[PDB]
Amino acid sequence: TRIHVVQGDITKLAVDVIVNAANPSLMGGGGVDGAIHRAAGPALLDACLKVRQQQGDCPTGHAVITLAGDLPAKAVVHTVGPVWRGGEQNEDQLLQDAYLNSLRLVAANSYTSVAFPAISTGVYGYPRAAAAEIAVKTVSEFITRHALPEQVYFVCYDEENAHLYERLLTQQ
């Protein structure tokens, strides 16, 4: 009742925090990251510039929170998922870190709802089935011990990911 799967544009979901699967530069790029920057407006990039000035690039697995600009959210958490290189380079744990670190920032900033994209399944090539299992498992275990966020939304652009997620959520 606290976890939901939604097929659509994450930039239009009204929630407290929208998670952005970005690259270490935080300067924005393609895919959902590009869609998020456009919707949020130039204020997003300006906030990311300030972050870079204070902490440099965002390492894989790391997360940082900023304002959301024109997005229908109170904040945007930028995190970097691993690039898939076969599975023998800690990619599984790094993906987990991206989800967990993102959740921690959401809780730490007292937010109630967060929407996640299918991290690393874009151009990073993380195997979809395995990526979804990690995301579902990671989020599930987190909310089981944390009151915040209250609601988590897995926003999938690809029907393939949406089906995988709904199957995993009921397979528990």
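Start at 1 with the first residue shown and count on from there.
Relative to one another, 122 to 130 and 99 to 107 have unequal mean CA B-factors, and 122 to 130 is the one with the higher figure. When the C-alpha B-factors of 112 to 120 and 140 to 148 are averaged, 140 to 148 comes out higher. Compared with the other modelled residues of the chain, the Cα B-factor recorded for residue 69 ranks in the middle third. In the deposited entry, the Cα temperature factor of residue 13 places it in the highest third of its chain's modelled residues.
Residue 34 sits in the middle third of its chain by CA B factor, as recorded in the PDB entry. Ranked within its chain, residue 21 lands in the lowest third, by CA B factor from the PDB record.
Split the chain's modelled residues into thirds by C-alpha temperature factor. Residue 47 is in the middle one.
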